[PDB]
Amino acid sequence: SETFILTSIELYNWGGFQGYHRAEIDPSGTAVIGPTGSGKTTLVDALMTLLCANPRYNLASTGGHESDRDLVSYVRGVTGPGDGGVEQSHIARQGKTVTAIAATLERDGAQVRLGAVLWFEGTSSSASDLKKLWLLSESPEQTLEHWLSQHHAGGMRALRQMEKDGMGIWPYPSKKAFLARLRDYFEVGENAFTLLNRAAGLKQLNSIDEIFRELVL
Amino acid sequence: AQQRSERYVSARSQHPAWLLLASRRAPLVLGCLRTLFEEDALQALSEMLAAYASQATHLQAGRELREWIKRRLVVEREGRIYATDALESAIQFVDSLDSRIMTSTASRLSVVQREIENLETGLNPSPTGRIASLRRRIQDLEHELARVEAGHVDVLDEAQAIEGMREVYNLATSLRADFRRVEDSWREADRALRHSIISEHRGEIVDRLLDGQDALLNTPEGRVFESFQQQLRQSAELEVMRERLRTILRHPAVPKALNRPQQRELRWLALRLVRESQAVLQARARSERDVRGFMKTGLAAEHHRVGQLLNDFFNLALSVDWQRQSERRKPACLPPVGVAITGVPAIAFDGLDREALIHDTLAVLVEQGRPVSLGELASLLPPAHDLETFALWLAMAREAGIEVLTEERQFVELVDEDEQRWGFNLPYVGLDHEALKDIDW
Amino acid sequence: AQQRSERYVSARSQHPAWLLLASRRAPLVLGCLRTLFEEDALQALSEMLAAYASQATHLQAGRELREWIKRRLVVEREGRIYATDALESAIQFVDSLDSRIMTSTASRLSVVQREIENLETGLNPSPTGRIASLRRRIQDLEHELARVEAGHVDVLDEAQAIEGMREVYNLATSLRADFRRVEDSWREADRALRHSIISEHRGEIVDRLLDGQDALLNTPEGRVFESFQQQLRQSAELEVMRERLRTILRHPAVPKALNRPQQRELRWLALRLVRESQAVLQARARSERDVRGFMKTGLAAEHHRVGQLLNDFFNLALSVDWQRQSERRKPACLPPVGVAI
Amino acid sequence: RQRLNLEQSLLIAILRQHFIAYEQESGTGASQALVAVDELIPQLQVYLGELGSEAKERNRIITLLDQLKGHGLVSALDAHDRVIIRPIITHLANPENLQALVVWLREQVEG
Amino acid sequence: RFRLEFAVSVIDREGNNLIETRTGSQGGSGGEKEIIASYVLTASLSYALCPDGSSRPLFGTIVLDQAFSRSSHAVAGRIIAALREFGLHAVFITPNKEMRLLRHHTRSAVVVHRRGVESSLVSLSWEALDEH
Amino acid sequence: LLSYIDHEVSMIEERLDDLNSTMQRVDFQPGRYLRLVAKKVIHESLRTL
Ligand SMILES: Nc1ncnc2c1ncn2[C@@H]1O[C@H](COP(=O)(O)OP(=O)(O)OP(O)(O)=S)[C@@H](O)[C@H]1O
Ligand SMILES: [Mg+2]
């Protein structure tokens, strides 16, 4: 009808997954299954990072009492608390690297794509050294591989130059303007997405007054 | 005068809504149709018709639906049933017999006088009379301002406020009556266009229409709707109107005039109207796209010729004797099409299901019709998993209120897939169908 | 949900207009009724039914007429027949199936917005808002006057003019909607009052009501109609409105907007409205006079006793054998009244 | 496969007319031609005739539908008493074959 | 917004009777907390979307993690029924604890796998999976 | 202090009514459903002011 719904999800060089991966989701409601500790929560965390203004990674594990991870660990791809030694073998990728994610919403006679690109430059772990960029496309010819080709063929300016000659593209250097534009486009309340992220894994209710006075109103 | 009688006879003969009025089962049909608009329709119609024997079910419901579709009361596009103007007109007529908001009010007279004055002023092209009218209106407004500054703020009465609210609601809600009419006009125009194209097949017309990017399906209703929506696109006055309405709603006299649904409808006029207006553009676009796709097929001449040949064959088919088996079994001449091969060249999932077990146990209980203990029930219906079943039976017994005795033991011997033996020291229960016949699960 | 189903079943069972529509001979009878309201009626019905056998005329026409009288679609008072709301509703529904004036037009939207503003202003008791709105409206009118004096006179287009004219006709013709409803409400109030008096027959209530000069038979529709006619009695605005209507009547777009009957209807709006409004008060006065006459008759107790005695007699009459001639010829006990010598 | 007689030929012609009706008012999108048996019953009764009981006519129609399904023109009935007309009939009732069969039947009637 | 106090109440369908008033989710059992929290959160989310200012939602989807970790079958059935009645679209994430109900109420499945430190994602309908 | 606060409270009450209007459609345990209510309290330093 006139309601957008998620249709597919991309992933590239993110967390445990390496190389190029993608999954399709039927709009009639789908299930995700796998043995214990196989990456199920990773996919949803990657999806959630793109919407809320403050992610709560791996919330459902504790039932809603604590957070346990951060963006940098996902980006570099740690796979355990580690052993301790000269070579930190418990880290998948070191040095300069690139990560890119994308999501696709579809509606009858419509199609909208989101996504982001992040990268480092040298062997470092400071939060400030995280080069970030968010995107929002409308045309169908915009694909993740095109973005990667543009990045490898140039730099930040090369990526920004797409808007000058292309159409249906609006890069944002700051997440705040991106969120404002998204909310204006979708015509939703100011606290909808954070509410969704909070409702993803919460299993208790201490007092409804906090929920209404902080989220709903 | 007699022409009116002839037209009435024709209307009684033709118009589908009147035929639905003349239908015997009109109440149930109207109730079902009104409830739905707020395949599966056949299910709902049969379910409603079920507990109304009084006075087949599935067959009759299907026959009625197909007859109404042939009567064009509703339309079928791909897999969905859509309504026309006649349904809404009939529904309005039926539900208007209860309560109608009176129009012969002094407030309506005042509004009519104001609109008449506005029309008379607007249609005048004289540059002098307009200036004089503007001066007179400004003078009257200044007089009113002076009187108000004198301290003469006028507040209307309770009955006056109620009448004003009712008239405003009546006039406002009437904006949504013409929506289905535009869709029906577009569909009939499309059907006429397709009939003309197939009747003509000439490829020059198809090429010219495909080349032309001008909008097809031109009816006056489309232009009127376009103008209405174009003026509706200006939100500046819409915000003021919404604010005024919400200000009005907070008055003590509101509960005395309008019920809950009317207030709810009035609160969200603007956004609902905007969305409803948007909803028709997609339909127009899809209709145009389908027409263009059909035109690009280029099979109109083929269909015309095949229809002519089929008509000739069916004309010939009336001169044969279908009462003879020998003639009916006389082979014809048609080459085999799509001939297949000659058959051969001549050389930890699943777990447990609850519903099936419950239904089978209910069937056994009703067919036996006597109290049964666990041993006999296990013997008659051997289980796949020994557990997950005793617990279910005990839970049913406890929930139904049927007493269970624990002072005596019944020994049941079971053998699993891999041979071996197990012994269950169950207590005694007695199960009957009558006690548990009226509890959902 | 199911409540609406039950309500519609009851409506099919009850509403006389639906019964007339569900009749076999609905079209011809409806045409005859429309012709008449525009003995004698029964004769005309037989005349029309004569040359329409297709598909004893006097025998069946009277039966249908009397059934519909029982169905109350037509009211018979002394010897004359009058129409009610249901017949007019059915007539409107039938004639609306051919042409319906479009209602989703921009002009109606403008009227709705302006009337919303007017009512919101009129229901505000605060003086400061009134002053501010007055000044703002004066300023807007002054700006528009300045633009017009600058030479910006605007005239509606032919399509827009036709739209406006059709909307004006649609709104104007709505004034004659609920005339008969007041009459029907007064009739049912009369019946209810008579039944209450008979069920009571207490002479104190009748004497008090006769002594009291307060007008009885009061309905909310009566109050609304009274206020409407009180405002209507101001001829100053009526003359101006009629002059504007006459001025508009002479325009090139008139033939392309309305037909001859619509022009005729718009031509004599005021006189016909005054006539119909005056007709209601005479009927109400007759109803009140007849109510007072029936009350002054003072036979309610006698009629109640006679009704009770007839009920008892009819209850007892079900225990005899009516199949025997001898019992049917057994003389009764009744003294002669008005014997002829 | 076996040859085709006149009763099956008339049924195929009726199904071709149904397919034409379906194809005329069709646009972009995946759709199928489904026809109920009860709709087909009176049209074939017009030519063949009418049997005493509805059961007899229904059995005859089911037999004919099974005979035509053996040629791959239709499919099995669903739970709602409907059949699906395969597009292969379009090539079975192409105008050349239609003309040939019309001429042959005309010669059969005339003498 | 700090000058008000909020409470929830359970009212019987027929008639209008207070049956239980609550200010939170204290003192409950395992399943009760889960069902109450899910119900109130999904209702609040449904309101918080476009129908806040009326009209139908433009972005309808909701993600549940570790679905039905503590409840029984009937509670899960009620949850699914309510979620569908609210008129949204759901994606479920569960271990292999339960799959019958998912098969009964879904159409597509994604299987993830790990072999070493990599990962593999496969998507499929149920009909293809049934044949293995 | 008077106008802004009172108007905000009134708007909040109206919005809460709108929210609890639609809750009734969805069904809780059979024969039951939920409803949200609010009460007004005034306290703290306001009186002092
Ligand atoms: N921040 C992190 N630090 C270390 N290891 C991590 C981190 N994030 C994820 N992992 C690894 O990624 C895996 C956990 O991710 P997931 O497989 O999504 O967990 P999971 O899917 O919730 O497991 P289940 O099935 O829900 S119990 C483990 O192998 C962890 O060692
Ligand atoms: Mg977690």
# chains A, B, ... in the order shown; residues from 1 in each chain; ligands from 1
>>> select_by_dssp(residues="stretch 82-225 of chain B", states="alpha helix (DSSP H)", output="count of residues only")
101
>>> residues_near_ligand(ligand="ligand 1", cutoff="9 Å", atoms="only C-alpha atoms and all ligand atoms", output="PyMOL selection string")
(chain A and resi 15-16+33-45+58+60-61+68-74+77-82+90) or (chain E and resi 65-66+93-95+114+117)
>>> write_last_selection(atoms="C-alpha atoms", output="PDB file, in the first residue's frame")
ATOM      1  CA  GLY A  15      32.120  -7.857  12.844  1.00  0.00           C
ATOM      2  CA  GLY A  16      32.419 -11.600  12.441  1.00  0.00           C
ATOM      3  CA  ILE A  33      17.679 -19.223  13.551  1.00  0.00           C
ATOM      4  CA  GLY A  34      21.098 -20.641  14.312  1.00  0.00           C
ATOM      5  CA  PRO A  35      23.096 -22.423  17.013  1.00  0.00           C
ATOM      6  CA  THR A  36      24.228 -20.591  20.118  1.00  0.00           C
ATOM      7  CA  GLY A  37      26.751 -17.826  19.524  1.00  0.00           C
ATOM      8  CA  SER A  38      26.486 -17.867  15.732  1.00  0.00           C
ATOM      9  CA  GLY A  39      25.960 -14.147  15.042  1.00  0.00           C
ATOM     10  CA  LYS A  40      22.196 -13.614  15.375  1.00  0.00           C
ATOM     11  CA  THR A  41      22.453 -10.568  17.638  1.00  0.00           C
ATOM     12  CA  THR A  42      25.210  -9.071  15.469  1.00  0.00           C
ATOM     13  CA  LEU A  43      22.885  -8.566  12.502  1.00  0.00           C
ATOM     14  CA  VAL A  44      20.255  -6.788  14.583  1.00  0.00           C
ATOM     15  CA  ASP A  45      22.878  -4.626  16.286  1.00  0.00           C
ATOM     16  CA  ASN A  58      23.360  -6.424  23.089  1.00  0.00           C
ATOM     17  CA  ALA A  60      18.448  -8.368  25.376  1.00  0.00           C
ATOM     18  CA  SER A  61      21.224 -10.493  26.898  1.00  0.00           C
ATOM     19  CA  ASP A  68      28.320  -4.540  27.111  1.00  0.00           C
ATOM     20  CA  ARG A  69      29.858  -3.497  23.766  1.00  0.00           C
ATOM     21  CA  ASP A  70      30.847  -0.526  21.623  1.00  0.00           C
ATOM     22  CA  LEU A  71      31.223   0.490  17.992  1.00  0.00           C
ATOM     23  CA  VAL A  72      35.007   0.149  17.693  1.00  0.00           C
ATOM     24  CA  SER A  73      35.030  -3.490  18.803  1.00  0.00           C
ATOM     25  CA  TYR A  74      32.486  -4.348  16.111  1.00  0.00           C
ATOM     26  CA  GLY A  77      36.085  -7.365  14.741  1.00  0.00           C
ATOM     27  CA  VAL A  78      37.206  -8.722  18.094  1.00  0.00           C
ATOM     28  CA  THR A  79      36.129 -12.323  18.710  1.00  0.00           C
ATOM     29  CA  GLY A  80      36.665 -12.761  22.432  1.00  0.00           C
ATOM     30  CA  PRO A  81      38.143 -11.259  25.595  1.00  0.00           C
ATOM     31  CA  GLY A  82      41.577 -12.234  24.293  1.00  0.00           C
ATOM     32  CA  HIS A  90      42.082 -12.007  19.131  1.00  0.00           C
TER      33      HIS A  90
ATOM     34  CA  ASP E  65      15.055 -10.607  20.513  1.00  0.00           C
ATOM     35  CA  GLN E  66      15.053 -13.916  22.404  1.00  0.00           C
ATOM     36  CA  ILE E  93      14.930 -14.187  16.549  1.00  0.00           C
ATOM     37  CA  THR E  94      14.975 -17.413  18.545  1.00  0.00           C
ATOM     38  CA  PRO E  95      17.269 -20.356  19.166  1.00  0.00           C
ATOM     39  CA  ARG E 114      29.646 -20.523  12.081  1.00  0.00           C
ATOM     40  CA  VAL E 117      35.525 -17.606  12.932  1.00  0.00           C
TER      41      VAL E 117
END
>>> atom_distance(atom1="atom CA of residue C:205", atom2="atom CA of residue C:77")
26.3 Å
>>> select_by_dssp(residues="stretch 7-212 of chain A", states="strand (DSSP E)", output="PyMOL selection string")
chain A and resi 7-12+20-24+30-33+98-107+110-119+131-137
>>> interface_residues(of="chain C", to="chain B", cutoff="7 Å", atoms="only C-alpha atoms", output="JSON, numbers by chain")
{"C": [4, 5, 8, 9, 22, 27, 28, 31, 102, 103, 104, 105, 106, 112, 113, 120, 122, 123, 124, 125, 127, 131, 134, 138, 141, 145, 148, 149, 153, 154, 155, 156, 171, 172, 174, 175, 176, 177, 178, 228, 231, 241, 244, 248]}
>>> residues_around(residues="stretch 284-301 of chain C", least_positions_apart="5", cutoff="8 Å", atoms="only C-alpha atoms", output="ChimeraX atom specification")
/C:183,186-187,190,194,197-198,201,206,210,215-217
>>> atom_distance(atom1="atom CA of residue A:76", atom2="atom CA of residue A:92")
6.6 Å
>>> atom_distance(atom1="atom CA of residue B:268", atom2="atom CA of residue B:36")
22.4 Å
>>> closest_atom_pairs(of="chain A", to="chain E", cutoff="6 Å", atoms="only C-alpha atoms", output="CSV")
residue,atom,partner,partner_atom,distance
A:3,CA,E:58,CA,4.4
A:4,CA,E:59,CA,5.2
A:17,CA,E:119,CA,5.5
A:29,CA,E:90,CA,5.2
A:30,CA,E:108,CA,4.9
A:31,CA,E:92,CA,4.7
A:32,CA,E:110,CA,4.8
A:33,CA,E:111,CA,5.1
A:34,CA,E:112,CA,5.0
A:38,CA,E:114,CA,5.5
A:188,CA,E:50,CA,5.9
A:200,CA,E:64,CA,5.4
A:201,CA,E:65,CA,5.7
A:203,CA,E:34,CA,5.4
A:204,CA,E:37,CA,5.9
A:205,CA,E:25,CA,5.5
A:206,CA,E:24,CA,5.6
A:207,CA,E:24,CA,4.7
A:209,CA,E:6,CA,5.9
>>> interface_residues(of="chain D", to="chain B", cutoff="10 Å", atoms="only C-alpha atoms", output="PyMOL selection string")
chain D and resi 1-10+13-14+16-17+20-21+23-32+38-39+46-49+71-73+80-81+88-106+108-110
>>> residues_around(residues="stretch 34-42 of chain F", least_positions_apart="2", cutoff="10 Å", atoms="only C-alpha atoms", output="count of residues only")
38
